[PDB]
Amino acid sequence: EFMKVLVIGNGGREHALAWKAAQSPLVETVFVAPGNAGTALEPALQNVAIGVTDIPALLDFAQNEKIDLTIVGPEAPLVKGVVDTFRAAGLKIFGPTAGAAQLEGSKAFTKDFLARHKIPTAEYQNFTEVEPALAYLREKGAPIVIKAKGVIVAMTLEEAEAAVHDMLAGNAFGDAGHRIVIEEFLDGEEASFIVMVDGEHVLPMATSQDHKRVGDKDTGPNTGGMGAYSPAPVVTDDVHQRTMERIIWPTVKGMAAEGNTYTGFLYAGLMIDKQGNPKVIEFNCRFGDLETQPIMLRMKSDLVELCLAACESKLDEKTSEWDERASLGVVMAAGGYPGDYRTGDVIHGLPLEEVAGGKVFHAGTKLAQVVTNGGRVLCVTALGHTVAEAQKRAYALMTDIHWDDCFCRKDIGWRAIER
């Protein structure tokens, strides 16, 4: 008859994935383990109280309820081998095996892999003490970047060497926090590039750009993301092609060649230079948390249908359809974040019905009715013919929502709007 789907996770990315899966006519129910208040509020979704790293329990549930398809949200269950385990029990699951999940999970692995395949990336090296740092500095030369929370862009060796032992100045004994990282200076623009992979085939999905700084005009401390929009203007047709050719294909073919065939979502955080040449900053073995939200709002294809085709290695027989309209999402956070914040505040003004063209996704929320339960609480998303129009609809959509000390950036997408 009809399918039952399981989505593992409890954030905004999972609320988006589960919400989209439920739109499929093939599906009758979507379970979310453990989910949040947003998923509990959706008619077609049901929360299941099981932890993301509790593999035996997740397997037991999937078997007893006879789940037709499992979609994994976060990194934890992936690097722990939930895919290996489910596939051994003959269950359909979309995501990478623990071995393929190393692209995100192991820093050493990724650095060596990129070097062996000559995939364009950024040079870097960690340091706990000075001298081997300076030796690295004089070999690389300035400009160069030195990161701690403090990020110093040095145009000269004196400025670099000064910083390199300013951040490393202090007692290092019994303190793991006494460290820095030296990386090459890249003068370009950052963007997200996401694709679906079935091992041998790659189906491109969508791109996006975001805002990590907590304050207006990109000021203050960094966060996990305060807002994002899709598509990414910097990713032109040329930039797209160079990414697939120099980064995506070599990676997919390289993992397969080494006995670690990659399946699932592949997220690539890029840095595009002035000439349109892409470089990989990092990989995520799953959909990027925040970006997933505005991106799902633009997806016209059936997610379940695509995931099933990928599980049977037929992704090359499918296409992905996207709304021509741009999308933008604004994060509503708890006062104090990225630092300390308060939880347990009742949220007022939540929408009672879903309206076409926009959506309020939940991240750090739980049922008490609905109270705050994390730094980033909500993400209000909206569609528009231009990023300017999308921004207006999004902010208009969050008018009635509030809780004690809530806040958000008021200029998400300002750079894109100015063009």
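Structure determination for this PDB entry was carried out by X-ray crystallography, with a resolution of 1.6 Å recorded in the header.

**Details of the sheet that holds strand β9 (residues 180-184)**
Read from one edge of the open sheet, four strands run β6-β9-β7-β8, paired in antiparallel fashion. The outermost strands of the open sheet, each flanked by one partner alone, are β6 (124-127) and β8 (151-154). When strand polarity is set aside, the average angle formed by the axes of neighbouring strands in this sheet is 20°. Pairing geometry for strand β7 (residues 144-147) and β8, over four bridges, is antiparallel. Note on β8: the bridge partner recorded for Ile146 is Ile152. Contacts from helix α8 (residues 132-140) reach β6, β7 and β9 within the one sheet, and its direction differs from that of β6 by about 160°.

**Structural notes on the pattern of salt bridges**
Oppositely charged side chains may form a pair once their charged atoms are brought near each other. The full count for this structure, using the stated rule, is 19 salt bridges. One salt bridge in this structure joins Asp187 and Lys274, with 3.8 Å as the shortest N-O distance. Pair noted here: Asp187 is in the loop between β9 and β10 (188-198) and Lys274 is in the loop between β13 (263-273) and β14 (278-284), with a separation of 87 residues, a long-range link. Residues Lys253 and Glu200 are paired through a salt bridge, measuring 3.6 Å at the closest nitrogen-oxygen approach.

**Side note on helix α3 (residues 55-64)**
Every buried residue belonging to α3 is among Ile55, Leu58, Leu59, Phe61 and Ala62, and all of these are buried. All buried residues of α3 project into a common sector of 160° when viewed along the axis, lining one side. In this structure, α3 carries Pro56 and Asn64 as exposed residues pointing more than 90 degrees from its buried face. Against β1 (3-9), β2 (27-34), α4 (75-79) and α5 (82-88) lie the buried residues of α3. Trailing α3 by a residue or two, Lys66 shows a phi angle of about 55°, which is positive.

**Structural notes on the packing of α8 against helix α9 (residues 157-164)**
Taken N-terminus to C-terminus, the directions of α8 and α9 make an angle of 160°; their axes are 10 Å apart at the nearest point. The angle between α8 and α9 falls in the class roughly antiparallel. Here α8 runs over α9; the crossing is right-handed. Contact residues: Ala133, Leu134, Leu137 and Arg138 in α8; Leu157, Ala160, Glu161 and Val164 in α9. Residues of the contact of α8 with α9, tallied by class, amount to six nonpolar, no polar and two charged.

**Considerations on helix α13 (residues 387-397)**
When we look at burial in α13, the residues that qualify are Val387, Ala390, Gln391, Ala394 and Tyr395. An end-on view of α13 places all buried positions within 125° of arc, on one side of the element. Residues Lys392 and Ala396 are exposed on α13 and point more than 90 degrees away from its buried face. On its buried side, α13 packs onto β15 (326-334), β19 (376-384) and α14 (414-418).

**Some details on the nonpolar core**
By size, the foremost hydrophobic cluster in this structure holds 48 residues, and its most contacted members are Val82 and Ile248. Sorting elements by how many residues they give to this core places helix α10 (residues 237-257) first, with six residues. Two domains each put at least three residues into this core: domain 1 (4-97) and domain 3 (187-325). In this view, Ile248 contacts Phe193, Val195, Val202, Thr243 and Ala268; residues no more than four positions away in its chain are not counted. Judged by nonpolar contacts, the second largest core, of 36 residues, contains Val7, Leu297, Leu303 and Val304.

**Notes on the environment of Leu58**
Within the fold, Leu58 resides in helix α3. With a relative accessible area of 1%, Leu58 lands in the buried category. As a C-alpha pair, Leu58 and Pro77 span 19 residues in sequence and 10.0 Å in three-dimensional space. Excluding residues that lie within four positions of it along the chain, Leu58 makes contacts with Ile8, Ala33, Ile50, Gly51, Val52 and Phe86.

**A closer look at the side chain of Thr70**
In this fold, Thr70 is placed in strand β4 (residues 69-72). Ignoring sequence-local partners within four residues, the contact set of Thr70 consists of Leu6, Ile8, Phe86, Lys92, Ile93 and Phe94.

**Observations regarding the pairing of strand β12 (residues 219-230)**
Where strand β11 (residues 202-215) meets β12, five bridges bridge the pair, whose relative direction is antiparallel. Bridge pairing links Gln209 to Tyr229 in β12. Hairpin remark: β11 followed by β12, antiparallel, with three residues in the connecting loop; positive phi at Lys217, about 65°. Looking at chain direction, β12 and β15 are connected through four bridges and run antiparallel. Residue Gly227 lies in a different strand from β15, and its bridge partner there is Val330.

Rules of the game
Residues numbered from 1 in each chain as written, not as in the entry; some residues may be left out. Heavy atoms only, no water. Pairing = 2+ DSSP bridges. Helix = DSSP H or I, 4+ residues; strand = E, 2+ residues; numbered from the N terminus. Axes fitted to C-alpha atoms, helices over the stretch in contact; angles between N-to-C directions. Contact = heavy atoms within 4.5 Å. Salt bridge = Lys/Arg side-chain N within 4 Å of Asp/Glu carboxyl O. Buried < 20%, exposed > 50% of the residue type's maximum accessible area, 1.4 Å probe, protein only. Arc of directions from axis to C-beta. Parallel < 35°, antiparallel > 145°, perpendicular 65-115°, else oblique. Left-handed = near helix turned anticlockwise from the far one by under 90°. Nonpolar A, V, L, I, M, F, W, Y, C, P; charged D, E, K, R; others polar. Core = buried A, V, L, I, M, F, W, Y, C linked by side-chain atoms within 4.5 Å. Domains from an automatic or database assignment.

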